[PDB]
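Visitor: no sequence on this one, just coordinates:
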Ligand SMILES: *Cc1c(COP(=O)(O)O)cnc(C)c1O
Ligand SMILES: *Cc1c(COP(=O)(O)O)cnc(C)c1O
């Protein structure tokens, strides 16, 4: 069977390989709109838009035709050694012109992981160029997600990405997860919590030596880490501390980018003025692997000078700016703008968050959080202590399983069940997401007894 | 704003002097068909490099394009996380395992060769932690090897251009000698004696560092980006003996050699390598889609699988890992290579290419002609006795590549080596035209130098 071939031949990401050999895969055969279907014909609402990525859903014919048109023109070329092609140029123009702060240049990669890995290299290159060879350390947050390369998994603050992999590398430092529900002191306001987090960062900078800190990287809100919305004034106060010590501010917009948070960028929603932005996922509705780094004028000018001194910029992926991936991403961004999907997502997000808020006084619901069209419900075994049932992740695993039985694919991040549906979701579809959540919660409540 | 002006304004180019780019602007490629690409001025070029040694089936294979369409209209994205799967990833993994030149267990997909080698580093660290060998973590690679551009894979890479200014390599990424007889053999040393000395260098490096601390040796069977460096006779035999002696994994980076480049399906077959791990990309999809694949053997899989159970799940994966459109295109690509007998065809075309270039073997500027199958390089020198460059190293290569472009052919210079890596579908007349355009560039370069 196809399931037997999968067990025989494929090592799965983010999977227990031994349990996989026993249970085998859930094979997804086809998709349309917000739905995917398994090889048994069962339909599921993809309430996660795959990996928070399939902005236009699973059957956008404009994207598919844009791919075809580019395939029949030039199915591959590269950007190395002054070579270029129209789709990379037009996408770079569109990204610079839509940027929420003045940006200078785009550098393309295949993945968010490659993009953040590239940012690490470009910052080291820059500070070598500027004659600041000590100015190399990165600061990220506990539970931040920045990808899975040796370097980007060192930026990542999730233990699952580091345990067994000898990470983080030296020079990749982590400050606190800005989650008020878990880390605020008894009776501390969001603004007081923000103050204390800004103090933690400043103290980290001073303890390490300000001259040794190159950059601070953060997702405007933390996606994979559990839909962690930072406290009011966090980004204002963190940026003050960064500007104080000449530290680059990198906005990882891989999840927030292109209308997820109710504005085009999380940087807009949270008032971030980044030096560098990283984009992926919704950039192409994941129809093609592509990511993009936006760098501002000072970062470009330093890198450009050093590329002249060293002969050429000694960095690039075969797939960097791939003409089919860039053609698809260009068409994707045009549809998001033409169909007013940022404002549509914002409206659908209000319906999603209001629907979930009906469950705020349920005995297993610890917290409901989110912004725009991304949300999470954190389940607890006890609301007073905020303790898990059995161990962190038991409730989340059972909930996600019940949601799948009720025809909805959701992701558990510990005991948080996440929602990140396609931007094209309609009002009754939001209603059906909340209904399938409710059925899964009922099942989980009966199970915990 | 012209398209060239927008490119200068908005794009930071890989492997480009950004300041020179602001002055010269791009060469914009508009379209392609068969072995040809055309710039925005309508000038046609034979893509004698198949882009980046990658476009196996040329620039207008309609079967690949229809395979993409069919998959887009079925399922345009899904992932492989948390037991999820899809038919194209499964069928491609089956095809790759069943065609492997040694017994392999599992495939892990990535978007790029760089991600794939970066993943191999993580998987080897994970494996040796799983086996209770926490010290067994260092990698050995070669000077002028190319393994990609991430912080870790650029540490494996042995090309200075990939490390200078980037604070690389990381600690625990060690480099032994480039196996290029022409450049690094002692005066009057045989290929076999050179191979012995390189195997001694490796063993001495292993002993100096502590054998218990060395996890893996990674090499391209033949070194592509480093100048089409064919290892000396007996090199891979003797290196593998040293590796097996100290329980060091052998990783074959087949990103260029994979899928018929060297006259057999894999460079591991051509060079008699029995790797534990293979890395594949580029020709896997004819670069029509970004995809790479790691093949791991049974012992590597079993160790990783044990630890993934203990830790709850394997904490690694890319959004695009096994992308259904990329895997669908790669599957159709490998079917065409098998159905059209392109491995045997490439072997035949490579003999014509090498024979055509060898008409110039006693030219005063030709130092060496090297290659296997349908990959070749001509290394130009200013002086055949000393092997010294004309002017600075790289002058002849840059001049030749420029003249080739004027004569309607895209070649890559690696220092003073001019490389050939054409699409596998190149026909006999087209090989003739590649050698003719090389000859016109060489004539120009010879008139420019005046060796008299
Ligand atoms: C998805 C993700 C990444 C990694 O992207 P990949 O394409 O899977 O390598 C990086 N940052 C954030 C915020 C992410 O959500
Ligand atoms: C192309 C290349 C790589 C890097 O592949 P990318 O997809 O560009 O990241 C790795 N190894 C070898 C031998 C290569 O030629």
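Guide: Noted; the coordinates are in hand. Numbers count the residues shown, from 1 in each chain, chains lettered A, B, ... in the order given. Ligands and ions are numbered 1, 2, ... in the order given.
Visitor: wait, residue A:284 sits on residue A:329?
Guide: Yes. Residue A:284 is within contact range of residue A:329, at 4.3 Å (criterion: C-beta atoms under 8 Å). The C-beta positions use only the backbone N, C-alpha and C, and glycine is treated the same way.
Visitor: where do the contact lists of these two overlap?
Guide: residue A:290 (C-beta atoms under 8 Å, 6 or more residues apart in numbering or on different chains).
Visitor: Give me the most central residue, chain A.
Guide: residue A:255 (3.1 Å; C-alpha atoms, centre = their mean).
Visitor: name the element that one belongs to?
Guide: In this assignment (DSSP states H and E), residue A:255 forms part of neither any helix nor any strand.
Visitor: what's the distance between it and ligand 1?
Guide: 4 Å (C-beta to the nearest ligand atom, to the nearest Å).
Visitor: what sits against that residue?
Guide: A:52, A:219, A:221, A:223-224, A:266, A:281, A:374, A:420.
Visitor: let's see it at 10 Å
Guide: A:51-53, A:112, A:145, A:219-224, A:227, A:261, A:266, A:280-282, A:374, A:420 (C-beta atoms under 10 Å, 6 or more residues apart in numbering or on different chains).
Visitor: what number of residues lie near residue A:190?
Guide: Residue A:190: 16 surrounding residues under other C-beta atoms under 10 Å in any protein chain shown.
Visitor: The residue in chain A positioned nearest to ligand 1: neighbour count?
Guide: Of all residues in chain A, residue A:112 sits closest to ligand 1, at 2.5 Å by C-beta to the nearest ligand atom. The tally of other residues near residue A:112 (other C-beta under 10 Å) stands at 33.
Visitor: Phi, psi for it please.
Guide: Dihedral pair for residue A:112: phi -60, psi -40, per degrees, to the nearest 10.
Visitor: Does it touch residue A:282 like I think?
Guide: No. Shown here, residue A:112 and residue A:282 do not form a contact pair, counting by C-beta atoms under 10 Å, at 11.2 Å.
Visitor: any common contacting residues for the two?
Guide: What both residue A:112 and residue A:282 touch, as defined by C-beta under 10 Å, 6+ apart, is the set A:53, A:253-255, A:257.
Visitor: tell me the two of these that are most distant?
Guide: Within those, two members stand farthest from each other by C-beta to C-beta: A:53 and A:253, at 12.7 Å.
Visitor: of these two, who's got more company?
Guide: residue A:253 (30 against 26).
Visitor: which ones are touching that one?
Guide: Residue A:253 neighbours (C-beta under 10 Å, 6+ apart): A:100, A:112, A:219-220, A:260-261, A:264-268, A:272, A:274, A:277-283, A:292, A:294.
Visitor: go on, residue A:321?
Guide: Here residue A:321 is in contact with A:77-80, A:83-85, A:87-89, A:91-92, A:106-110, A:290, A:292, A:329, B:11, B:13-14 (criterion: C-beta under 10 Å, 6+ apart).
Visitor: you'd agree it is in a strand?
Guide: No. Read with DSSP: H, G, I helix; E, B strand; the rest coil, residue A:321 is coil and lies in no strand.
Visitor: Tell me which stretches of the stretch 151-300 of chain A form helices.
Guide: With DSSP state H, counting those that start in this stretch as the criterion, the stretch 151-300 of chain A has helices at A:152-155, A:180-183, A:190-208, A:234-244, A:266-269, A:297-309.
Visitor: Just name the most buried of those.
Guide: Among these, the stretch with the highest mean neighbour count (mean count of other C-beta atoms under 10 Å in any protein chain shown) is helix A:152-155, at a mean of 29.
Visitor: Is ligand 1 within reach of it?
Guide: No. No part of helix A:152-155 sits near ligand 1 under the criterion C-beta under 6 Å from any ligand atom; the closest distance found is 6.9 Å.
Visitor: by contact count, what packs against that helix?
Guide: helix A:112-129, strand A:137-141, strand A:172-175, strand A:213-218, strand A:248-252, helix B:113-130, helix B:151-156 (3 or more C-beta pairs under 10 Å, 6 or more residues apart in numbering or on different chains; DSSP states H and E).
Visitor: Tell me what angle the fourth one forms with helix A:234-244.
Guide: Going back to what we said before, that points to strand A:213-218. 170 degrees (axes from the mean of the first three to the mean of the last three C-alpha atoms, to 10 degrees).
Visitor: hmm, strand A:213-218 touching ligand 1?
Guide: No. If you take C-beta under 6 Å from any ligand atom as the test, strand A:213-218 misses ligand 1, and the best it gets is 9.3 Å.
Visitor: do that strand and chain B meet?
Guide: No. Using C-beta under 10 Å from any C-beta of the partner chain, strand A:213-218 stays clear of chain B, with a minimum separation of 10.9 Å.
Visitor: so what strands line up beside that strand?
Guide: strand A:137-141 (parallel), strand A:248-252 (parallel) (DSSP bridges).
Visitor: could those strands be laid out in a markdown table, adding mean neighbour count?
Guide: Output for those, formatted as a markdown table (neighbours: other C-beta atoms under 10 Å in any protein chain shown):
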| stretch | mean neighbour count |
| --- | --- |
| strand A:137-141 | 24 |
| strand A:248-252 | 26 |
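Visitor: got the domain boundaries for chain A?
Guide: A:2-59+A:340-448, A:65-338 (automatic domain parsing).
Visitor: Out of those, the one nearest ligand 2 is which?
Guide: domain A:65-338 (3.4 Å).
Visitor: So for that closest one, first residue to last residue, what's the gap.
Guide: 17 Å (C-alpha to C-alpha, to the nearest Å).
Visitor: touching ligand 2 at all, it?
Guide: Yes. Domain A:65-338 lies within reach of ligand 2 by C-beta under 6 Å from any ligand atom, at A:317-319.
Visitor: and the contacts of residue A:253, which are buried?
Guide: Applying 16 or more other C-beta atoms under 10 Å in any protein chain shown to the contacts of residue A:253, the neighbour count classes A:100, A:112, A:219-220, A:260-261, A:264-268, A:272, A:274, A:277-283, A:292, A:294 as buried.
Visitor: Go back to the residues you listed and keep what's next to chain B.
Guide: Okay, of the buried ones among the contacts of residue A:253 touching chain B (C-beta under 10 Å from any C-beta), that's A:112, A:280-281, A:294.
Visitor: and the two most separated of those?
Guide: A:281 and A:294, at 15.2 Å, using C-beta to C-beta across these.
Visitor: dump the residue contacts of whichever residue of the stretch 1-150 of chain A sits closest to chain B.
Guide: Relative to chain B, the nearest point of the stretch 1-150 of chain A is residue A:13 (2.3 Å; C-beta to the nearest C-beta). Applying C-beta under 10 Å, 6+ apart, we find residue A:13 in contact with A:148, B:79-82, B:84, B:108-110, B:119, B:313-319, B:321-322.
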